[PDB]
Amino acid sequence: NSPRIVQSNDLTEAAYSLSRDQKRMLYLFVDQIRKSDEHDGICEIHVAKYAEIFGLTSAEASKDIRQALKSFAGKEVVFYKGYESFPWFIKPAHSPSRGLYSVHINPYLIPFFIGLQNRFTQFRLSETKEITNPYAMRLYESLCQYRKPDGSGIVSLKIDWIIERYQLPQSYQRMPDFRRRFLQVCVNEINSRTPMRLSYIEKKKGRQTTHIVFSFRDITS
DNA sequence: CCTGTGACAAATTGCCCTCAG
DNA sequence: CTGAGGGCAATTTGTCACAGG
Ligand SMILES: [Mg+2]
């Protein structure tokens with residue numbers, strides 16, 4: 001039953017750092033954007049509906065959905081084919097009434113959310129909601145960019161490019177760490193908490209790894 | 001140069017309780 | 001009963017020294 005989340009490939013591949021909680025909210029606006037046209041670009045958020053859709057308590061849910069908002073100040077996203085740096089909101093959010101929050105999306109993002117009828121990413125929210133780690137979030141998010149209908153696919157990604165688009169810590173430049181605190185972690189989270197069955201092999205030129213080749217079956221078979 | 005691992009610091013997790021309405 | 005607050009211990013995340021190929 002989770003609402004199918006349908007995003008521009010543009011989005012799937014862009015450069016931003018958002019928290020777990022924050023990306024969670026990301027999925028929710030773009031849905032309200034999808035029932036929008038010729039838009040105003042304002043979005044409502046209902047605390048009760050959050051803690052039902054993400055299995056939280058009323059009280060904890062209202063922490064997650066407050067802090068996150070304050071830490072959208074500053075947050076940007078860079079678009080590429082291009083070096084076009086954008087910003088998430090224009091006025092901060094607020095709650096006219098008890099429980100509802102009205103955010104104000106930069107309406108110069110609307111077409112970058114509908115993108116193109118040619119190339120776009122889809123998935124259902126049910127897949128992703130038991131992920132704690134966000135980097136795991138971006139990955140499954142891209143991994144779906146390539147899924148063919150039966151739930152399977154293949155892809156090679158390049159380390160210099162994962163670092164940019166997903167915008168990871170500088171200390172991960174050394175691979176020994178990269179594979180410890182990002183690689184084995186995000187493959188373990190996905191292959192545990194989602195309906196996907198992953199594995200990986202490294203692509204090495206010379207004395208250095210450079211690509212990761214991701215390869216996945218829908219666990220449903 | 002490459003790597004893996006330990007140890008320490010700094011940020012998250014979910015869980016707890018107060019209080020106003 | 002709800003949600004706007006304060007606080008938390010345990011684990012998960014970011015860093016870097018050191019040992020060997
Ligand atoms: Mg929380």
# chains A, B, ... in the order shown; residues from 1 in each chain; ligands from 1
>>> residues_around(residues="residue 20 (chain B)", least_positions_apart="4", cutoff="12 Å", atoms="only C-alpha atoms (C1' of nucleotides)", output="VMD selection string")
chain C and resid 2 to 5
>>> interface_residues(of="chain B", to="chain A", cutoff="12 Å", atoms="only C-alpha atoms (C1' of nucleotides)", output="list in words")
residues 1, 2, 3, 4, 5, 11, 12, 13, 14, 15, 16, 17 and 21 of chain B
>>> select_by_dssp(residues="region 155-210 of chain A", states="helix (DSSP H, G or I)", output="number ranges by chain")
A: 159-167, 170-173, 175-193
>>> interface_residues(of="chain A", to="chain C", cutoff="7 Å", atoms="only C-alpha atoms (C1' of nucleotides)", output="VMD selection string")
chain A and resid 58 to 59 62 99 171
>>> select_by_dssp(residues="region 20-196 of chain A", states="strand (DSSP E)", output="ChimeraX atom specification")
/A:42-46,76-79,84-87,100-104,120-124,153-158,196
>>> write_last_selection(atoms="N, CA and C atoms", output="tab-separated table (two decimals), in the first residue's frame")
chain	number	residue	atom	x	y	z
A	42	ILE	N	3.23	24.89	-2.29
A	42	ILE	CA	3.16	24.78	-0.84
A	42	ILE	C	2.65	23.40	-0.46
A	43	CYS	N	3.18	22.83	0.63
A	43	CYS	CA	2.91	21.45	1.00
A	43	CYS	C	2.60	21.34	2.49
A	44	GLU	N	1.56	20.59	2.82
A	44	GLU	CA	1.15	20.36	4.20
A	44	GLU	C	1.80	19.07	4.70
A	45	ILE	N	1.98	18.98	6.02
A	45	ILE	CA	2.57	17.82	6.68
A	45	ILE	C	1.78	17.55	7.96
A	46	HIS	N	1.25	16.33	8.12
A	46	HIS	CA	0.36	15.99	9.24
A	46	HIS	C	1.01	14.98	10.18
A	76	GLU	N	21.62	22.67	0.30
A	76	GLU	CA	21.51	22.95	-1.13
A	76	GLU	C	21.42	21.63	-1.90
A	77	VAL	N	21.32	21.77	-3.21
A	77	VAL	CA	21.38	20.63	-4.12
A	77	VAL	C	21.90	21.10	-5.47
A	78	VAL	N	22.87	20.36	-6.02
A	78	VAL	CA	23.60	20.80	-7.20
A	78	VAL	C	23.24	19.88	-8.36
A	79	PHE	N	22.97	20.49	-9.52
A	79	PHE	CA	22.41	19.83	-10.69
A	79	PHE	C	23.42	19.74	-11.81
A	84	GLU	N	24.71	23.60	-11.76
A	84	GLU	CA	23.64	24.52	-11.38
A	84	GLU	C	23.18	24.24	-9.94
A	85	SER	N	23.65	25.08	-9.00
A	85	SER	CA	23.47	24.90	-7.55
A	85	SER	C	22.19	25.55	-7.03
A	86	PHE	N	21.28	24.74	-6.44
A	86	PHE	CA	19.99	25.27	-6.00
A	86	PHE	C	19.76	25.22	-4.49
A	87	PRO	N	18.63	25.84	-3.97
A	87	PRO	CA	18.30	25.80	-2.53
A	87	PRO	C	16.89	25.31	-2.14
A	100	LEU	N	-0.09	20.54	12.11
A	100	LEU	CA	0.16	20.75	10.69
A	100	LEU	C	1.34	21.71	10.54
A	101	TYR	N	2.17	21.39	9.55
A	101	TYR	CA	3.35	22.14	9.16
A	101	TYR	C	3.24	22.46	7.68
A	102	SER	N	3.46	23.71	7.32
A	102	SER	CA	3.37	24.14	5.93
A	102	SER	C	4.77	24.52	5.48
A	103	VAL	N	5.33	23.76	4.53
A	103	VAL	CA	6.62	24.08	3.96
A	103	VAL	C	6.41	24.73	2.61
A	104	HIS	N	7.47	25.36	2.13
A	104	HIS	CA	7.37	26.24	0.99
A	104	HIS	C	8.52	25.89	0.08
A	120	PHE	N	12.94	8.29	-16.08
A	120	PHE	CA	12.50	8.57	-14.71
A	120	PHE	C	12.61	7.31	-13.85
A	121	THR	N	12.67	7.51	-12.53
A	121	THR	CA	12.83	6.45	-11.54
A	121	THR	C	11.51	6.20	-10.83
A	122	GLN	N	11.18	4.93	-10.57
A	122	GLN	CA	10.03	4.67	-9.70
A	122	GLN	C	10.33	3.57	-8.68
A	123	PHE	N	9.50	3.53	-7.63
A	123	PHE	CA	9.52	2.54	-6.55
A	123	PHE	C	8.36	2.84	-5.61
A	124	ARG	N	8.02	1.86	-4.79
A	124	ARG	CA	7.03	2.08	-3.74
A	124	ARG	C	7.74	2.39	-2.42
A	153	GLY	N	18.46	-6.29	-12.33
A	153	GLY	CA	19.27	-5.35	-13.08
A	153	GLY	C	20.76	-5.48	-12.79
A	154	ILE	N	21.52	-4.53	-13.33
A	154	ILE	CA	22.99	-4.52	-13.30
A	154	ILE	C	23.50	-3.10	-13.48
A	155	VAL	N	24.62	-2.78	-12.81
A	155	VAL	CA	25.24	-1.47	-12.99
A	155	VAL	C	26.64	-1.35	-12.40
A	156	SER	N	27.50	-0.59	-13.07
A	156	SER	CA	28.82	-0.24	-12.56
A	156	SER	C	28.85	1.24	-12.21
A	157	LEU	N	29.26	1.56	-10.98
A	157	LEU	CA	29.35	2.95	-10.58
A	157	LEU	C	30.79	3.30	-10.25
A	158	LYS	N	31.11	4.57	-10.32
A	158	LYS	CA	32.51	4.96	-10.19
A	158	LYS	C	32.68	5.74	-8.90
A	196	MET	N	15.23	-6.70	-1.73
A	196	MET	CA	16.22	-6.75	-2.78
A	196	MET	C	17.39	-7.60	-2.32
>>> atom_distance(atom1="CA of residue 1 (chain A)", atom2="CA of residue 131 (chain A)")
17.8 Å
